[PDB]
Every structure is written in structure tokens, then in C-alpha cells.
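Read through the structure below, which is laid out as C-alpha cells, and then see the notes.
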Amino acid sequence: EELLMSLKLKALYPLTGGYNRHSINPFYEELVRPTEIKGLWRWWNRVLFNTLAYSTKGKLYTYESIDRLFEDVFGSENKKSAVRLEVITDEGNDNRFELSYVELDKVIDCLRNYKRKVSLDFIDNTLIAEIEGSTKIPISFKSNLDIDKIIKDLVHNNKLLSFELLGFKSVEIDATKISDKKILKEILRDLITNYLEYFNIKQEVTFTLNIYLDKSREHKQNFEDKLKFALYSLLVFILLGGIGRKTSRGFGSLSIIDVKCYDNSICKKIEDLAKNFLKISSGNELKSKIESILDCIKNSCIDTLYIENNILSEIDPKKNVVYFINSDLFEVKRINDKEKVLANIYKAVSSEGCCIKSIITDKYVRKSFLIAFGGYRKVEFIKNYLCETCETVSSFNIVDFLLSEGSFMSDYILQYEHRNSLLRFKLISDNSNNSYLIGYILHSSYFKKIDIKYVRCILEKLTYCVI
Amino acid sequence: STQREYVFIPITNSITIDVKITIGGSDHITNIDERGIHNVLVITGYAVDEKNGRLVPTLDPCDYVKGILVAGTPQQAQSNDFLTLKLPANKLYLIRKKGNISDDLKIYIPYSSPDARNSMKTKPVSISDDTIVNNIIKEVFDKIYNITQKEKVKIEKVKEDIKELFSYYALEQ
Amino acid sequence: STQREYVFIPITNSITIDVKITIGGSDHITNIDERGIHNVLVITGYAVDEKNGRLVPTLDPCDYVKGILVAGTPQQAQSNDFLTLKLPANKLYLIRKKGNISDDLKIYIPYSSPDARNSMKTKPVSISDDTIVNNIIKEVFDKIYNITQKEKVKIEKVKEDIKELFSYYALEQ
Amino acid sequence: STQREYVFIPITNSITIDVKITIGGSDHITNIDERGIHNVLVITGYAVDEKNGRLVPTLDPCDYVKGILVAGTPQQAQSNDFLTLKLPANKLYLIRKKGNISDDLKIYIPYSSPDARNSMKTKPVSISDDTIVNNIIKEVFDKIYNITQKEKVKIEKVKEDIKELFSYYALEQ
Amino acid sequence: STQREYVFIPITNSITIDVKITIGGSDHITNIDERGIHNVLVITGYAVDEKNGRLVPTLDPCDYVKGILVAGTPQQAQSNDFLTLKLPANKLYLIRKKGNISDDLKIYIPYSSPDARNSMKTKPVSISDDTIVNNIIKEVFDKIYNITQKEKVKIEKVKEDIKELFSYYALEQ
Amino acid sequence: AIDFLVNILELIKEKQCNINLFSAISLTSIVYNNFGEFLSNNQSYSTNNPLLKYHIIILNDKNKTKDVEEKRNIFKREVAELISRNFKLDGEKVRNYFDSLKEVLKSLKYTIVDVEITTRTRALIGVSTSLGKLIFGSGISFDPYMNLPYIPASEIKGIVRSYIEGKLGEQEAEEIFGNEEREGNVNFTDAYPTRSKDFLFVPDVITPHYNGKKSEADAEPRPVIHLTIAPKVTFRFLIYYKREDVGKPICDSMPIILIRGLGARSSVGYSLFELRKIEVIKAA
């Protein structure tokens with residue numbers, strides 16, 4: 001085993017998490033999880049492979065088949081991975097979260113024999129334990145967590161961060177039977193810690209991702225072109241996605257800083273496409289480079305040399321959903337400052353978001369556009385815009401939808417809580433104090449067939465309005 | 001410049017004659033909108049001097065009382081014993097906010113001085129005794145709210161949830 | 001009963017002599033045990049001025065102030081304007097509880113009129129700017145703990161404490 | 001049709017006069033109701049030539065300027081420097097749309113010519129330094145919508161969201 | 001670039017006159033940063049001497065020397081009989097890796113004669129005899145690092161962990 | 001007796017590091033797997049058992065079942081945190097064990113190599129072994145009589161041999177580690193932790209979304225709380241042998257094989273170690 005490559009990267013406002021959905025816990029701090037990098041690499045590899053296999057053959061393969069194919073580099077239950085990931089960072093020493101003291105002996109007395117809610121809130125750098133039963137108390141505390149006002153108002157202004165905070169700030173407490181004080185101290189300190197750790201949100205997180213290669217898995221039949229496709233998908237991932245949660249909304253976005261390689265015979269073109277991003281002049285140049293690298297997979301002097309194997313399996317479009325890149329819905333815009341961008345992305349994906357009530361300007365139509373794209377919505381007509389066989393005014397026709405009759409795609413689009421957002425957003429930079437939002441829309445294998453540049457009009461109206 | 005007026009809501013029988021703002025000017029910050037009761041004010045840290053119902057300043061961050069908010073100065077022959085103050089009109093610790101604020105108002109508080117005569121013992125006594133929930137229909141909102149009993153059929157809710165909505169701390173001297 | 005008067009600690013240094021009583025006994029509720037302070041009282045619902053600030057009141061449970069209550073009566077040239085009641089002393093928002101109060105005291109606090117012709121918009125300040133902190137103890141700590149500079153000959157341990165747990169909301173007017 | 005034209009909003013000292021008819025009746029499309037500017041008509045593929053204030057056509061959709069709608073006429077001594085066009089009522093590009101419009105458009109934009117000798121470069125210019133924006137309200141947002149402060153109290157939301165939403169690019173010459 | 005000085009840690013007085021620029025720059029590699037020593041370089045196949053004590057090449061992979069890694073030159077009187085070399089900053093065996101080294105390096109390890117006269121009979125020896133520890137502490141960590149006895153008081157932990165972390169194989173011939 | 005059970009978390013937190021962690025977790029698992037029953041007015045009515053805290057809190061009212069399930073998820077996380085903070089490492093018994101064992105081996109005329117290694121990343125040794133398996137699903141290789149996690153000598157020997165036959169062929173290995181016709185010439189002891197920084201165990205999670213899935217229409221995260229070995233924990237083991245030959249291949253093999261994995265999930269950088277110290281005591 002020896003080093004394959006090493007990618008000095010950088011994450012922008014990442015929201016990681018382990019065993020407690022925060023990036024910090026009483027025992028260690030973990031900003032970048034190599035497990036998440038591996039998983040997102042594999043997911044982007046499947047997306048990219050379906051992109052290629054649908055361009056060149058108009059066919060789509062199940063995820064199980066694709067990673068069964070890539071077993072010889074990514075590994076499975078039958079074979080150990082050949083790529084060993086790493087994540088190194090500054091301050092990789094002891095950096096846990098300690099809550100030295102918290103003065104809450106009073107709110108306890110306010111919670112005697114009362115069935116009452118206890119909400120938390122930062123109120124002008126002072127946190128308040130707002131008891132819903134008409135009470136507020138300025139709790140005091142000390143912690144090695146130095147939360148700056150920048151982070152506090154980043155969470156307050158971003159209407160999506162303030163939404164995923166509804167589950168780290170509030171505890172219902174029933175002391176009506178009886179309640180000791182030493183037990184409410186424990187409950188409230190748990191609440192305080194779950195709230196405080198939510199604000200460990202760093203920025204400019206910079207980490208060196210190493211890749212080691214199992215030499216013993218040398219070229220058996222197609223190891224080399226598989227591994228090369230895998231490195232290309234690693235590039236695609238680093239360029240379109242991010243680590244952590246809410247990467248479909250800009251957070252955790254990644255940015256190349258330096259890519260030193262150590263085996264050119266595997267990595268030459270990869271390092272080249274990487275170093276092309278070390279400095280980007282302006283918007284459309286970056287757009288051109290994104291397109292050049294998206295289609296270097298499809299139409300350059302090498303595209304594939306292994307799809308001619310029958311390990312794969314075609315999707316059953318009545319059963320399966322698969323994502324893939326369209327390589328034409330990739331509007332880019334420069335932003336000049338990143339926090340307000342993230343604060344505004346909520347306007348671009350909210351039903352009553354003032355940046356969408358301007359682009360579509362219709363009820364029951366924004367709703368359909370946001371139920372089809374934009375991840376799982378909570379639906380309370382509209383499906384008339386979501387049929388398979390019915391009036392196509394705005395083409396949001398799902399493959400196997402049928403009126404007043406549920407099928408697999410029907411439940412999946414309306415009631416399936418874990419459904420990524422096709423409309424995604426990326427914030428990149430190139431070490432020269434310039435940054436370009438990248439908006440795009442992955443193509444799902446449940447869209448019958450969409451009107452591409454109509455949705456592209458929508459997308460560019462978004463990326464121009466969302467700034 | 002513009003004013004408001006906090007009207008107590010204890011269980012006592014002392015609502016009809018303490019003020020002279022039966023209409024306000026033309027509005028009501030606290031208003032019912034057939035969903036329930038909305039936008040009532042909580043003043044914590046101040047216990048109730050029950051007789052001549054007014055709030056005594058306490059240091060306890062845990063002593064709270066509930067009431068409505070309107071605009072005025074009471075009785076036209078008062079404000080020699082109150083606490084009137086002007087504020088950003090957002091330091092209001094309101095609940096059930098189903099309205100709006102003029103971004104700036106002044107508030108008179110019905111205030112009773114401490115009168116340090118002994119150790120104090122405030123007592124949480126949630127409002128009850130539905131004879132009181134009916135005389136706070138008679139004496140309170142049949143007069144303060146010329147909209148009460150004349151617009152909604154939903155008086156039963158604005159009489160039954162009152163048990164939950166309001167409370168106070170009686171010191172009981 | 002023993003009487004306790006509450007003094008605040010801003011960055012401003014003008015309140016040196018209104019506490020006229022050294023101890024009057026053998027007790028100071030605040031303890032300094034080479035750690036900082038102990039048994040600190042916080043009052044919520046009261047903003048502060050910077051006119052040798054009294055504790056002007058507000059209706060905001062986020063408007064809080066943090067000072068220290070000492071033994072004695074303040075010179076009896078004040079507390080006539082101030083709020084003065086009594087209560088069982090477990091209703092004190094006493095943070096960093098170390099001792100065990102006798103559960104009854106009298107409280108005098110520098111208290112202003114609500115400034116009826118002004119909007120009491122606040123903004124909070126914390127005790128910093130060590131060029132001031134050097135003599136903030138000379139403002140309020142040297143006239144209370146004579147052993148200062150004799151036992152606590154170390155300065156940082158006893159100066160980086162009121163920075164930690166002493167702040168307030170301020171009208172900035 | 002209802003004839004109109006377009007004006008920009010930079011920080012620039014070139015916004016003196018570019019219109020004769022300002023009302024043309026009692027209708028505008030960029031109406032205001034306590035939410036700031038509505039129906040901001042955005043154009044892209046252009047920049048501003050703020051010194052000699054005019055919109056210079058570059059050919060990159062990264063560049064754009066966002067101004068408002070004025071229903072009238074720019075001195076009628078134009079077409080030496082402007083562009084006129086009628087639209088099918090949704091070839092526009094709004095910000096915070098209000099509703100459907102009157103099927104007809106006529107907008108004149110202050111245009112400039114290349115003068116292609118210098119390698120002109122576009123740069124982002126954000127509305128900042130709310131002093132100059134106070135002057136902006138004093139010069140380009142008092143007389144055009146004088147109904148403000150006569151129907152709208154929210155003369156603060158306007159400067160806040162001009163600070164936030166109105167941004168543009170320039171030529172740096 | 002950033003040329004490095006591997007000063008191994010022997011028990012004899014060979015660390016007195018060996019360097020010209022012991023200052024380097026803003027970054028060393030071996031660290032002392034409130035945790036102990038960091039990024040200590042371990043080499044194998046080499047055994048120090050103690051009379052003109054430097055590394056002599058040998059091929060027993062059980063021989064090994066540890067030392068510090070700081071930016072410097074080999075006194076400009078040597079590097080004619082030393083080991084200068086350029087490594088890609090991942091083929092360096094750093095015990096207690098803290099961060100990452102800077103993608104390439106220039107190392108000067110003292111490379112004495114292979115000693116073709118004698119025969120190699122390497123003998124393992126560690127660091128003990130607390131005064132032999134303290135003197136080279138004053139000679140190396142005090143000089144190369146502005147940290148010690150200026151940034152740290154607790155380097156007694158360094159005293160007690162160098163006597164075990166560092167060791168080598170030597171000859172005494 | 002059931003009273004040993006409903007009072008076992010108190011035992012973990014008060015008897016910390018002096019309790020039998022294997023039996024402790026085994027008995028805790030009974031509470032964990034009968035949570036809904038141990039909460040129905042069977043908290044032993046004490047005040048320092050974590051079990052009535054789950055009677056103060058309300059997480060749902062439209063479903064007692066969901067109430068119990070969310071409380072149980074919280075309780076699993078809290079058990080992980082309890083074990084990790086309370087069960088610390090006291091490695092004096094291990095230092096004595098290894099010194100005495102090394103003296104025994106010096107008597108038997110072996111040549112001992114005492115190796116000290118340090119965890120750099122949260123390690124996972126024995127992830128399929130039973131310890132916390134009945135709560136977490138994962139486990140740690142735990143010696144219930146030293147009351148510690150340990151690295152088996154078989155695992156270390158297998159990894160060293162895999163490397164040696166990697167870079168010296170499949171024959172010099174069998175020359176050193178023997179085969180079905182010769183005994184090996186190198187002996188390995190288990191490795192035990194002798195000194196940590198703060199913690200010995202540490203909670204962690206793993207949340208497969210797509211592993212073993214067909215499409216996005218069946219993707220779902222399933223989060224797996226478990227325990228790992230904290231960073232900066234120092235293990236030590238011995239290596240003894242009678243011939244002087246095998247001293248050479250093991251020496252140079254030690255630093256190299258450690259920087260790459262020594263446990264589970266090395267592929268995503270988990271069981272990465274660090275040669276802290278090596279030392280060779282020759283006998284005759």
C-alpha cells in the first residue's frame with residue numbers, strides 16, 4: 001500500500017454530526033467524518049455512473065448493481081475496499097465540549113409540580129430559558145464553547161437552521177407528581193448541552209483527505225478504469241456536493257486547495273482537472289469548466305471500457321428512483337459574501353418564499369414544483385400537475401402517477417420522509433476571495449420526461465433572485 | 001408619544017370602575033379572532049397587591065401575572081400612583097400573538113408600592129371559580145369589548161379556555 | 001432583622017460612597033474565597049441608566065442586572081426613592097449559591113422613575129476594558145473587603161470573575 | 001398601453017433628472033405596502049455606466065442591474081441614448097411580485113455605447129453606507145413615492161431592504 | 001524553501017556548535033504546545049556516536065534514533081559530509097503526528113563516516129540521569145523554542161516524558 | 001434479584017472502573033430491553049437512578065408506544081455516555097502484570113520485545129465480540145477479568161504476518177510464523193491499555209443510508225450508536241522468542257504496520273495507531 005493522492009480541501013459552514021447530531025460532544029470534536037466522505041463518494045459515484053450509462057445507452061442501473069460492480073475499489077461484504085480514506089485537520093487534539101457550570105437552581109423552583117414546557121433561546125448574547133407557562137429567566141453558564149455573535153445571528157437569520165433547531169431547544173417537563181432538584185438539574189443540563197453544541201458551527205474548516213490504494217488489487221480485469229472512474233467521481237463530488245447535513249442547501253460545500261498526486265499513471269488527468277479549479281476568473285468560466293469535466297466522462301477520447309459487463313440490472317421505473325446529472329441545468333452566479341446567500345436560499349425553496357412567488361407566481365403550481373423537486377415536502381388540486389397521463393401544462397409528470405389511485409411512485413413522492421432535494425445549491429471558492437454559487441437540478445428516474453430549458457429558465461431565475 | 005394601558009385580570013370583582021377607557025381610541029391590541037384569545041400580556045417579577053388590584057415590584061424572576069393590553073389612562077382622575085413608561089413596544093412578553101404592534105407605544109402600569117411590613121409569601125393561584133369566569137364576562141369584556149357577545153358565536157371558548165389562559169400570584173396579605 | 005442593600009457593578013465608577021455602613025455586624029453575603037464571588041443576586045425586569053445608574057424598571061424578563069448585596073443601610077439619604085419590600089429570601093435570584101441565607105431580609109435597591117417621557121430601549125454591556133477593571137474594584141470592592149491586596153495578592157484570579165458573571169442591560173441614555 | 005420607463009438605483013452622484021412625467025395618472029407597478037419595494041423590474045446582461053450614468057450592454061449574464069418602474073417619459077428628447085420596447089407582460093423579471101399586470105409595456109432604459117478602446121471590467125457594487133441611502137431616500141425615494149409618510153409608517157423597512165436587495169455591477173472607468 | 005535541522009537527542013555534549021541559522025522561521029515541525037512534544041522524527045538504520053556524535057549508517061533495522069525537526073542549516077561548515085535530502089512530506093515517520101507537514105522538506109541529518117576502520121557493535125541506551133536531561137533541556141528547547149520558560153511553566157511533564165519518548169541505539173566506540 | 005438490575009447504572013457511575021464492566025453491561029441490557037416495563041412504576045423510587053428522569057420528560061402524548069421508543073433511544077445514547085465517562089482507565093494493574101510477565105519470560109530465557117502503541121483515531125477492535133452487543137449491536141474485545149478492552153495476540157500476529165509475507169514472500173513468513181508442519185518462532189501476548197489521556201471508551205455512530213439498497217425509494221438512515229476506544233489510549237504487549245533471527249523482521253515491521261489499521265473499519269480511518277516505544281531485552 002502507498003499513497004494514491006491527497007486533496008487539501010476546505011468546507012464552508014459544515015454541519016457534521018455523530019451519535020448526537022452536533023459536530024461536538026463531551027468527549028471529542030469531529031468536524032469531518034471520513035465515514036461521511038466515503039459514503040458521499042459512493043453516492044456521487046452511483047449518480048455519475050448512471051449519468052454516463054444514460055447518456056451513452058439511455059439505461060439506468062440500480063444502486064446495488066453499480067456498487068456490486070465497483071466492489072473492487074469501494075469494497076463490499078465480499079471484498080475489502082482498495083481505497084483507504086483519511087481525514088487530517090488542525091486542532092486534531094483534545095477538543096471536547098465542557099460545560100463548567102450552569103446556574104439554573106431558580107428555573108427548577110419555577111418547575112415545581114407544574115406540567116410545563118421549557119424552551120431555550122439566545123436573546124442578544126444572553127440565553128433565556130423561556131418557560132412556556134409565562135416565564136423567562138436569563139440563565140448564566142460557562143463553557144469552552146466560544147459562540148460568537150456571527151454564529152448566533154447566522155442561525156437566527158437562516159430560516160432553515162432555525163428550523164432544525166426546534167429539536168435541540170425545547171423539553172416538556174412533568175413535575176406534577178413530584179420532582180427532585182438533582183434530577184431537573186440533569187434534565188436541564190442535557191437540554192443546555194444539546195442547545196449549546198448546536199452552535200459549534202465553525203467555518204473555513206480545512207482538512208487534508210488522503211487516499212491510499214491496495215496494491216494487491218492490481219488490474220485484474222478492469223481495476224484501472226474502475227479506479228479512474230472512481231477518482232473522477234470523487235472530483236464530481238468535491239465540486240458539486242459537500243460534507244455534513246443540508247448540503248443540498250449550500251452548507252458543507254467543498255473547495256479544492258491543492259491536490260498533490262503520487263502515481264501519475266492513475267491520476268494524471270484527475271490532478272489536471274483538479275488543478276484547473278485552483279483559481280477561477282469569473283462565473284461562466286467556472287460554468288465552462290464544470291461542463292468540460294461533466295462531458296469528459298461522456299465524450300472524450302476515453303469514456304468507459306467496462307459497461308460491457310452484465311453484472312448490472314435495469315431499474316424498474318415503477319419501483320425505483322435513481323439520480324443523475326443533466327449537464328445543462330447548472331446556472332452559476334457570484335455572491336461576494338456567503339452568509340446572506342445561505343439565508344436567502346430559504347427564499348428559493350419555500351412554498352411562500354418571496355423568491356419563488358416571483359418566479360412561478362401561482363398556487364398549486366409552486367406546490368407541485370416543490371413536491372417534485374426540492375425534496376420531501378409535507379403535503380397537507382395539485383396532483384393534476386403531477387400525473388403520468390394527464391394535462392401537461394407545466395411538465396412535472398412523474399413516471400407512475402395515476403389519479404385517485406396510489407402506486408409506488410405516488411406514495412414515494414407524497415409520503416416518504418427521506419427524499420433528497422433534486423434542486424441543490426453549492427458555494428465554491430478558489431483561494432482568491434471570489435465565490436460563485438452553483439445551482440443545479442439532478443435528473444430523477446421518476447420524471448417521465450420534463451421540458452428541460454423551461455425548468456432551466458426557472459433555475460436561472462432562482463440563481464439570479466436568490467442572491 | 002402614543003400610549004397604552006395594561007388592564008389587570010385577577011379573579012377579583014374590581015374591573016368595572018378602575019379606568020375610563022371603555023372603547024380605547026379606535027382599536028384593541030388584545031383581540032379575539034374566533035381561534036381563541038390572542039395577544040395578551042404577561043408581567044413577571046411583580047406580584048399582585050390584590051386590594052386595589054395592582055402589581056407590587058418583587059425581585060423574584062418567578063412571580064408572574066396575566067392581563068390584557070389596551071390604550072389609555074385610567075379614570076381621567078388618576079395617574080398619581082402608577083408606573084407609566086415608554087418602550088420599544090417589543091419588550092412586551094406577550095403570548096398568543098395573533099396581531100401586530102405599532103413599533104412604539106407608552107404603557108401605564110397599575111402600580112402599588114412595596115410597603116415592607118413583613119416577610120412575603122406569594123402564592124400561585126390559577127384562576128377558577130366560574131362565577132368569576134362569568135363576572136369577567138359581565139364586568140370585563142361586555143364593556144371593554146363592544147365586540148364581545150355581538151359578533152362571535154364562540155363565547156364558549158373565550159369563557160372556557162380562560163382557566164388556562166390567565167393566572168397570577170397572590171401574596172394574600 | 002439584618003438589612004441587606006443591593007449595589008450593582010457597571011463599568012462606570014461613581015457609586016463609591018452611598019453604602020455608608022462598613023458591615024454593621026460580621027457578615028457579607030458575597031464571599032471571596034480565592035475563586036471570585038459567591039451568592040450573587042440578579043434582578044430581571046429592570047434596565048439601568050448610566051447616571052450612577054439606578055435600577056429603572058422595565059416589563060422585560062430579559063432586562064436583567066447583576067450586582068452584590070451587602071450588609072447595612074445606605075446612608076439613609078437614599079432608599080426613600082427606592083423600592084423596598086421584604087420576602088423569604090428564597091425568592092432571590094441568587095446565582096452561584098454558596099451560603100444558606102437566613103431566609104428573610106430587607107432589600108433596598110437604587111431605583112429610578114420609569115422616565116415617562118423616554119423610550120427605555122436597552123442594549124447590554126459586559127464588564128471588560130481592564131483599564132477600567134483595574135479600578136472597578138477600587139470603586140466598589142476596596143471599601144468592602146479591606147483584606148484585598150493582602151490575601152488576594154494575585155490580581156487576575158479576582159479580576160477575571162466579575163468579567164465572567166457580572167453584566168446588565170443598559171438604556172444607553 | 002400604459003407608457004412607463006426605467007430608472008436605476010446606484011450609490012452614484014448621477015441620479016439628478018431622467019424623467020418628465022412621473023405619475024401619468026394614479027398607477028405604478030412598483031407599488032409599496034409595508035413590505036418595501038414590490039415588483040422590482042430586474043434586467044440582466046447589462047451593467048451601469050454610473051459616471052455618465054447609463055446602462056452599458058455587456059454580454060455576460062453574470063452582470064445585472066435592478067431598478068424600479070416609473071410610469072412616464074424621460075425628457076422625450078431621447079432615443080439618442082435610450083432603448084424602447086413593448087412587452088407581452090411576463091418577459092419582465094420581477095422581485096417580490098404583487099400580481100398580474102395590464103398586458104402592455106413601454107419602458108425606456110438609460111443606455112450607453114461601447115467606446116471600445118479600454119479593456120473594461122465589471123465589478124460588483126452593493127448598496128451600502130446607509131448615510132448615502134438616507135440621501136437616496138432624500139432624492140430618489142421622496143418625490144417619486146411621496147405617499148410614504150402619508151400612507152406608510154414603515155420608512156425604515158424601505159432603507160433596510162434597499163440595503164439588502166438592491167445590488168448591481170459597474171464598469172470601473 | 002523550509003530547510004530542516006534534525007537535531008537528534010543524545011546524552012553527550014554534541015549540541016553546542018552545530019548550526020548557523022537555528023532561528024528558522026514561524027514554523028518548526030517538532031512542537032511543544034501545552035500537550036508535550038509533537039511531530040518527533042524517528043529514523044531507523046542509524047546509530048549515533050558520542051565522540052563527534054552523529055549518525056553512522058548501519059543495516060540493523062532494530063537500530064533507531066529519535067530527535068527534533070526544526071528549520072535550519074548545517075552550520076555552513078558542514079553539508080559537505082552531512083545528509084541533505086528532499087522528501088515529499090509523507091515519507092517521514094513522525095511520532096505523535098499533530099497536523100500535516102508542508103508537502104516537501106529539506107532535511108540535514110548529521111551523517112558521519114561509515115567508520116570502515118572499526119566494526120559496528122551497536123548498543124541500546126535511553127535518556128535518564130535527570131541532570132543530563134535538564135542541561136540539554138536548557139541547551140535545545142530553551143534556545144530553539146521561545147516557548148519554554150517563557151510560554152510554559154508545566155514543562156516538568158516534558159522533563160518526565162523526554163526521558164522515555166526519546167532513545168536511540170549507539171556504539172560508544 | 002431484580003434489585004441488582006434497577007440499581008446497576010448507579011453502580012456504574014459510583015463504582016466507576018472498579019465494577020465488572022462485562023457483567024455490568026450485560027445486566028444493563030436487561031433494563032434496556034425491558035425499558036417499557038422498568039418504567040411502569042418500577043424505578044425503585046430512588047433519586048440517583050437515571051430511570052425516573054425518563055418519567056419527568058414528556059416526548060409524545062398521542063402514543064405511549066412512541067413515548068417509550070424515543071425514551072429508549074435517548075436511554076441508549078445515555079448508556080453509551082455513562083460507560084464512556086465513568087469507566088475510565090486505571091492501568092496500574094496492567095503495568096504490574098506486564099512487568100511480572102516480563103520477569104517470568106526473562107527466567108524462561110526468552111528475548112522480550114515490549115512494544116507500546118497509542119491510539120490515534122477512535123479504534124474498533126473486536127467489533128463483533130460480545131460487549132454492549134445486546135444494547136448497541138456492536139462490541140469491543142473485552143477481557144472480563146482484567147476488566148479492560150484488549151487487542152488479541154492472534155490479531156496482532158495475523159497482521160504482522162500478513163505484512164511480513166507481503167514484503168518477504170509466502171515462505172519467509174512460514175519460516176518465522178511456522179505452518180502446519182513447524183511451530184512458529186515468535187510469540188505474542190495480548191495488548192492491554194496502560195495509560196490514556198481522559199477517556200477509555202467513547203460513543204460513536206454509524207448511519208448507513210444506501211448500503212444494500214436498490215434505489216432512492218428504499219433509502220433510509222439507520223443510526224447505530226456504539227462504543228469505540230478513545231484516542232490517545234496507549235496499549236502495550238510483549239513479543240518473545242528464543243532464536244535471534246526473528247528479531248530482525250519484527251523490529252522493522254512494528255513501526256510500519258501500525259500506521260495502517262490494527263482493528264476494524266481501518267478503510268475509513270478508524271483503528272489507526274502509533275508506535276510509541278519499542279525495546280528489546282536480549283537474554284543470552
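How things are named: the first chain in the C-alpha cells is A, the next is B, and so on; residues count from 1 in each chain; ligands count from 1 in the order shown.
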
Should the cut-off be 12 Å, what would the residue list for chain C against chain B look like, counting only C-alpha atoms, as number ranges by chain?
C: 1, 6, 41-47, 55-66, 80-94, 102-109, 111-123, 171

Excluding segment 128-132 of chain D and residues on its chain fewer than 4 positions from it, collect all residues at most 8 Å away from it, counting only C-alpha atoms, and give them as a list in words.
residues 11, 136, 159 and 163 of chain D

Print the selection's residues with N, CA, C and O atoms to a file, as an mmCIF file, in the first residue's frame.
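Result file is part18.cif:
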data_model
loop_
_atom_site.group_PDB
_atom_site.id
_atom_site.type_symbol
_atom_site.label_atom_id
_atom_site.label_comp_id
_atom_site.auth_asym_id
_atom_site.auth_seq_id
_atom_site.Cartn_x
_atom_site.Cartn_y
_atom_site.Cartn_z
ATOM 1 N N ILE D 11 -25.169 53.915 -5.912
ATOM 2 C CA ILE D 11 -24.648 54.878 -4.939
ATOM 3 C C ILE D 11 -24.146 56.143 -5.623
ATOM 4 O O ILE D 11 -23.588 57.033 -4.967
ATOM 5 N N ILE D 136 -30.354 58.872 -0.594
ATOM 6 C CA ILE D 136 -31.079 58.221 -1.685
ATOM 7 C C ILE D 136 -32.584 58.365 -1.491
ATOM 8 O O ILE D 136 -33.327 58.679 -2.430
ATOM 9 N N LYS D 159 -35.445 51.483 3.829
ATOM 10 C CA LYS D 159 -33.992 51.590 3.778
ATOM 11 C C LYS D 159 -33.330 50.257 4.090
ATOM 12 O O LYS D 159 -32.306 49.922 3.481
ATOM 13 N N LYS D 163 -30.964 48.390 1.382
ATOM 14 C CA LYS D 163 -29.645 47.898 1.752
ATOM 15 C C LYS D 163 -29.477 46.440 1.353
ATOM 16 O O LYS D 163 -28.390 46.019 0.939
#

List as a list in words the protein and nucleic acid residues near residue 33 of chain E, meaning an atom at most 10 Å away when only C-alpha atoms are counted, but skip any in the same chain fewer than 6 places from it.
residues 147, 148, 151 and 152 of chain E

Pick out the residues sitting within 7 Å of residue 84 of chain A, and hand them over as a list in words; count only C-alpha atoms, and ignore anything fewer than 6 positions along from it in its own chain.
residues 211, 212 and 213 of chain A; 267 and 268 of chain F

Considering only C-alpha atoms, tabulate each residue of chain A that lies at most 8 Å from chain E along with its nearest interatomic pair and the corresponding distance in Å to one decimal; arrange the rows by chain and ascending residue number and present them as a tab-separated table.
residue	atom	partner	partner_atom	distance
A:88	CA	E:99	CA	6.8
A:89	CA	E:99	CA	6.2
A:90	CA	E:99	CA	5.6
A:91	CA	E:99	CA	7.7
A:92	CA	E:98	CA	6.7
A:93	CA	E:98	CA	7.2

Compute the set of chain F residues within 9 Å of chain A, using only C-alpha atoms, and express it as JSON, numbers by chain.
{"F": [47, 48, 50, 52, 53, 55, 56, 57, 58, 59, 77, 81, 84, 85, 197, 198, 199, 202, 203, 204, 205, 206, 208, 209, 210, 211, 212, 213, 214, 215, 216, 217, 218, 219, 220, 221, 223, 224, 225, 226, 230, 231, 266, 267, 268, 269, 270]}

In Å, how far is it from atom CA of residue 133 of chain A to atom CA of residue 168 of chain B?
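Interatomic distance here is 11.4 Å.
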
Might you pull out every residue within 7 Å of residue 8 of chain F, with only C-alpha atoms counted and same-chain residues fewer than 4 positions away left off, and present them as a VMD selection string?
chain F and resid 4 12 24 28

Using atom CA of residue 359 of chain A and atom CA of residue 386 of chain A as the two end points, give the distance in Å to one decimal.
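Atom-to-atom, atom CA of residue 359 of chain A and atom CA of residue 386 of chain A are spaced 19.0 Å apart.
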